[PDB]
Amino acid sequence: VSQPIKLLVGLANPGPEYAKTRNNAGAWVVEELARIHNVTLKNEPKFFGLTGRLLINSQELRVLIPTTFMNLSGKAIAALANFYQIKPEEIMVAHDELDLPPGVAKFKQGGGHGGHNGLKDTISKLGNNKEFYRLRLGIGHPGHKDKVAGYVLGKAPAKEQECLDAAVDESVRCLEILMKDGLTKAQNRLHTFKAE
């Protein structure tokens, strides 16, 4: 009956070269949610990104995919949140997560960036507030700390992308349930999912 999320953001590097790289996982969630719910995203330069508004259980969800550099994602998030008066606590940020494997996704309230550039800037531009929700989509991590950025800015191989594509799908279904049954039941379901 009741839930705190008014803005779902899917983080991304801009353009066709990046559309299918791992660092765009967040956007994949927002893109798919929006296709399912028939909304076409509008490029609004004042919000440095692609935005839209959805009705899910007669509840209003705004969605955003920044067109900024990943590390300036906070410009878009803040400009939009502040225009519509959305507090951080009411924002969910969907984003690639190194500390989880492909095929897994998790909700979380709060925490750090884990060296994710988008999250850092989002914390920062939200006036150093980390209390926004996150949708952590596992992308695995590479062998070495130094290989991370290439991994993250690279395309997953086919087999691994199916696990990612299924975590995306389930994340979306659990966002639909979030709006209908709340955070707890949405979470209960998502956290039993491991892509087969």
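Sequential numbering from 1, following the sequence displayed.
For the pair 75-83 and 115-123, the mean B factor over Cα atoms is greater in 115-123. Higher mean CA temperature factor, per the PDB entry, when comparing 124-132 with 41-49: 124-132.
Taking the PDB entry at face value, the top CA B factor among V63, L153, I56, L33 belongs to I56. Remark: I5 belongs to the middle third of its chain, ranked by C-alpha B-factor as recorded.
Placement of the Cα temperature factor of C163 within the chain: highest third of the modelled residues, per the deposited record. When the modelled residues of the chain are ordered by their C-alpha B factor, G26 lands in the lowest third.
The PDB entry assigns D99 a C-alpha temperature factor belonging to the highest third of its chain's modelled residues. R173: CA B factor lies in the lowest third for its chain, per the PDB record.
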